[PDB]
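Peer 1: My structure is stored as coords-v4.cif, with mmCIF, C-alpha atoms and all ligand atoms.
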data_query
loop_
_atom_site.label_atom_id
_atom_site.label_comp_id
_atom_site.auth_asym_id
_atom_site.auth_seq_id
_atom_site.Cartn_x
_atom_site.Cartn_y
_atom_site.Cartn_z
CA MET Q 1 101.35 91.30 25.78
CA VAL Q 2 104.07 93.98 26.07
CA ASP Q 3 105.50 93.30 22.66
CA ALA Q 4 104.41 96.34 20.63
CA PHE Q 5 106.14 98.59 23.25
CA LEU Q 6 109.55 97.00 22.60
CA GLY Q 7 112.22 98.87 20.71
CA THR Q 8 113.94 102.23 20.49
CA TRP Q 9 111.80 105.35 20.80
CA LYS Q 10 112.81 108.96 20.10
CA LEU Q 11 111.02 111.98 21.59
CA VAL Q 12 109.17 114.03 18.96
CA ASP Q 13 106.78 116.17 21.07
CA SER Q 14 106.49 117.32 24.67
CA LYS Q 15 103.73 119.17 26.52
CA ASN Q 16 103.94 120.44 30.16
CA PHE Q 17 107.18 118.59 31.09
CA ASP Q 18 108.31 121.68 32.99
CA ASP Q 19 105.07 121.61 35.01
CA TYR Q 20 105.64 117.92 35.83
CA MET Q 21 109.29 118.37 36.83
CA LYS Q 22 108.46 121.47 38.88
CA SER Q 23 105.70 119.59 40.73
CA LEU Q 24 108.32 116.94 41.67
CA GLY Q 25 110.60 119.68 43.09
CA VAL Q 26 113.17 119.57 40.29
CA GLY Q 27 115.37 122.71 40.34
CA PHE Q 28 115.16 125.35 37.64
CA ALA Q 29 118.56 124.57 36.08
CA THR Q 30 117.73 120.86 35.63
CA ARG Q 31 114.35 121.75 34.18
CA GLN Q 32 116.02 124.20 31.81
CA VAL Q 33 118.46 121.61 30.41
CA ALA Q 34 115.87 118.84 30.39
CA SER Q 35 113.47 120.99 28.33
CA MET Q 36 115.88 121.01 25.35
CA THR Q 37 117.30 117.49 25.59
CA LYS Q 38 116.23 114.82 23.14
CA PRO Q 39 115.94 111.56 24.95
CA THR Q 40 115.68 108.00 23.69
CA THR Q 41 113.68 105.28 25.51
CA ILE Q 42 114.79 101.69 24.81
CA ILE Q 43 112.48 98.89 25.97
CA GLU Q 44 113.73 95.30 25.73
CA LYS Q 45 112.43 91.97 26.95
CA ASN Q 46 114.19 88.77 28.15
CA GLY Q 47 111.53 86.35 29.32
CA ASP Q 48 109.52 88.00 32.08
CA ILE Q 49 112.14 90.74 32.60
CA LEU Q 50 111.75 94.13 30.92
CA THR Q 51 114.62 96.62 30.79
CA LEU Q 52 113.79 100.29 30.12
CA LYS Q 53 116.71 102.56 29.32
CA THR Q 54 116.59 106.36 29.01
CA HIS Q 55 119.54 107.86 27.15
CA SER Q 56 120.42 111.47 26.47
CA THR Q 57 123.16 114.10 26.61
CA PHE Q 58 121.93 115.05 30.10
CA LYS Q 59 120.41 112.29 32.27
CA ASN Q 60 120.68 108.55 31.67
CA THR Q 61 118.77 105.85 33.56
CA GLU Q 62 118.11 102.13 33.39
CA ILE Q 63 115.56 99.97 35.20
CA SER Q 64 114.74 96.26 35.00
CA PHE Q 65 111.53 94.79 36.32
CA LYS Q 66 108.95 92.04 36.04
CA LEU Q 67 105.38 93.16 35.33
CA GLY Q 68 103.32 93.15 38.49
CA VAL Q 69 106.27 92.86 40.90
CA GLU Q 70 107.45 95.82 42.99
CA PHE Q 71 111.04 97.03 42.54
CA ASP Q 72 113.22 99.71 44.04
CA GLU Q 73 114.07 102.58 41.67
CA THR Q 74 116.23 105.70 41.91
CA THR Q 75 114.83 108.18 39.41
CA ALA Q 76 116.56 110.65 37.09
CA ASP Q 77 115.83 113.38 39.67
CA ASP Q 78 117.21 111.23 42.53
CA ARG Q 79 113.96 110.15 44.17
CA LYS Q 80 114.20 106.73 45.88
CA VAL Q 81 110.83 105.15 45.07
CA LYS Q 82 108.90 101.89 45.20
CA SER Q 83 107.76 101.06 41.68
CA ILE Q 84 105.42 98.65 39.94
CA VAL Q 85 104.68 98.35 36.21
CA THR Q 86 101.49 96.64 34.93
CA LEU Q 87 99.57 96.29 31.68
CA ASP Q 88 96.16 97.92 32.07
CA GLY Q 89 93.85 98.36 29.10
CA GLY Q 90 96.82 97.72 26.83
CA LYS Q 91 98.77 100.57 28.46
CA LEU Q 92 102.06 100.11 30.28
CA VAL Q 93 101.27 101.73 33.69
CA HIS Q 94 104.24 102.57 35.96
CA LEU Q 95 103.35 103.74 39.49
CA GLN Q 96 106.06 105.21 41.77
CA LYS Q 97 105.52 105.72 45.52
CA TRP Q 98 107.76 107.60 47.97
CA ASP Q 99 107.15 109.61 51.17
CA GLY Q 100 103.39 109.00 50.69
CA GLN Q 101 103.57 110.74 47.26
CA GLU Q 102 102.71 109.01 43.99
CA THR Q 103 103.37 109.63 40.34
CA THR Q 104 102.30 107.65 37.29
CA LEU Q 105 104.11 107.16 33.98
CA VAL Q 106 101.54 105.70 31.54
CA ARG Q 107 102.55 104.56 28.06
CA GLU Q 108 99.97 103.96 25.31
CA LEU Q 109 100.43 103.16 21.61
CA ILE Q 110 98.36 105.33 19.26
CA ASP Q 111 98.84 104.94 15.50
CA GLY Q 112 102.30 103.36 16.11
CA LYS Q 113 103.50 106.27 18.30
CA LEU Q 114 104.21 105.87 21.99
CA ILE Q 115 102.41 108.44 24.15
CA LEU Q 116 103.80 108.82 27.69
CA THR Q 117 101.55 110.61 30.17
CA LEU Q 118 103.30 111.75 33.37
CA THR Q 119 101.07 112.81 36.28
CA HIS Q 120 102.10 114.18 39.68
CA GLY Q 121 99.92 116.39 41.83
CA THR Q 122 97.77 118.28 39.32
CA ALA Q 123 100.47 118.36 36.63
CA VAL Q 124 99.85 116.29 33.51
CA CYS Q 125 102.58 116.03 30.87
CA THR Q 126 102.30 114.27 27.51
CA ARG Q 127 105.52 113.12 25.74
CA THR Q 128 105.26 111.52 22.32
CA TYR Q 129 107.85 109.21 20.81
CA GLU Q 130 108.36 107.66 17.37
CA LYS Q 131 109.94 104.23 16.79
CA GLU Q 132 113.53 104.00 15.47
CA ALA Q 133 114.15 101.52 12.67
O1 LIG Q 201 113.60 110.30 32.48
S1 LIG Q 201 112.30 110.92 32.67
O2 LIG Q 201 111.21 109.92 32.69
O3 LIG Q 201 112.05 111.89 31.58
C1 LIG Q 201 112.21 111.81 34.05
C2 LIG Q 201 111.15 111.44 34.88
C3 LIG Q 201 110.83 112.14 36.04
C4 LIG Q 201 111.56 113.25 36.42
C5 LIG Q 201 112.62 113.68 35.63
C6 LIG Q 201 113.31 114.80 36.05
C7 LIG Q 201 114.40 115.28 35.34
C8 LIG Q 201 114.77 114.62 34.17
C9 LIG Q 201 114.09 113.49 33.73
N1 LIG Q 201 114.54 112.82 32.64
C10 LIG Q 201 115.20 113.21 31.54
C11 LIG Q 201 116.00 112.30 30.85
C12 LIG Q 201 116.63 112.68 29.66
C13 LIG Q 201 116.45 113.96 29.16
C14 LIG Q 201 115.62 114.85 29.84
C15 LIG Q 201 115.00 114.48 31.02
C16 LIG Q 201 112.98 112.98 34.44
#
So, in terms of structure tokens, how does the structure I just supplied come out?
Ligand SMILES: O=S(=O)(O)c1cccc2cccc(Nc3ccccc3)c12
Peer 2:
Amino acid sequence: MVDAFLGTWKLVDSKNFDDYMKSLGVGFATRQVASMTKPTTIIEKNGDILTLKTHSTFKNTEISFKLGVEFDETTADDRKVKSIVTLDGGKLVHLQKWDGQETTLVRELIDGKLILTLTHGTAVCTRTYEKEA
């Protein structure tokens, strides 16, 4: 069940996002702006289709997908990837593949907060969000 992930989420803490972006080859100026931007994640459901929006003053993205079914995605940093999102241990696990590389975006609810763990190479970033009323 994906339902406790649904809603509007505001970033309240970030650890090692620069390391994660740098590992992906993101340029210094984008990392600089990204490091001070407050993003919002919106997750909504219509039947088996999830839509995940990222809104900010800098980058904005939107994806729609069915759990367990691969989809094409063009990321905020312009990578063209093959993606799949699955529930695993109650976590929303998003795997992206491109050029033989992989990165995971794992979302877990802890005490009503959404904890996003981003891993690429050796870099591990933890971004925490709080629900908007
Ligand atoms: O969407 S994210 O998943 O964070 C994202 C994931 C992976 C790489 C990213 C690189 C630059 C900016 C992002 N987003 C961003 C969006 C709004 C504000 C600041 C950064 C990246």
Peer 1: Near residue Q:18, counting only C-alpha atoms, which residues have an atom at most 9 Å away, once you skip same-chain residues fewer than 3 positions from it, shown as an MDAnalysis selection string?
Peer 2: chainID Q and resid 15 21:23 31:32 34:35 125
Peer 1: Using all atoms listed in the file, what does the table of chain Q residues within 6 Å of ligand LIG 201 (chain Q) look like, with each row giving the shortest atom pair and its distance in Å to one decimal, sorted by chain and ascending number, as a Markdown table?
Peer 2:
| residue | atom | partner | partner_atom | distance |
| --- | --- | --- | --- | --- |
| Q:21 | CA | Q:LIG201 | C6 | 5.4 |
| Q:34 | CA | Q:LIG201 | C14 | 4.0 |
| Q:37 | CA | Q:LIG201 | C13 | 5.1 |
| Q:39 | CA | Q:LIG201 | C13 | 4.9 |
| Q:56 | CA | Q:LIG201 | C12 | 5.1 |
| Q:58 | CA | Q:LIG201 | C13 | 5.7 |
| Q:59 | CA | Q:LIG201 | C12 | 4.6 |
| Q:76 | CA | Q:LIG201 | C16 | 5.0 |
| Q:77 | CA | Q:LIG201 | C6 | 4.6 |
Peer 1: So what do you get for atom CA of residue Q:24 versus atom CA of residue Q:120, distance-wise?
Peer 2: 7.1 Å
Peer 1: Select, from Q:129, Q:65, Q:9, Q:17, the residue with the minimum atom-to-atom distance to residue Q:94, counting only C-alpha atoms.
Peer 2: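 The closest residue to residue Q:94 is Q:65.
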Peer 1: Choose the residue, out of Q:116, Q:27, Q:124, Q:105, that has the smallest atom-to-atom separation from residue Q:12; count all atoms listed in the file.
Peer 2: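 Distance minimum relative to residue Q:12 lands on Q:116.
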Peer 1: Using all atoms listed in the file for the distances, tell me which of Q:19, Q:70, Q:88, Q:48 is nearest to residue Q:107.
Peer 2: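 Under the stated criterion, the closest residue is Q:88.
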Peer 1: What is the atom CA of residue Q:128 to atom CA of residue Q:14 distance in Å?
Peer 2: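 So the two atoms, atom CA of residue Q:128 and atom CA of residue Q:14, lie 6.4 Å apart.
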Peer 1: Could you check how far atom CA of residue Q:68 sits from atom CA of residue Q:49, in Å to one decimal?
Peer 2: 10.9 Å
Peer 1: Mind checking which residues fall within 9 Å of residue Q:50, counting only C-alpha atoms, ignoring those fewer than 3 positions away in the same chain, and posting them as a PyMOL selection string?
Peer 2: chain Q and resi 43-47+63-67
Peer 1: Counting only C-alpha atoms, figure out which residue out of Q:82, Q:127, Q:97, Q:55 gets nearest to residue Q:20.
Peer 2: Q:127
Peer 1: If you count all atoms listed in the file, which residues fall within 12 Å of residue Q:91, apart from same-chain ones fewer than 6 positions away, as an NGL selection string?
Peer 2: :Q and (1-5 or 85 or 104-110 or 114-117)
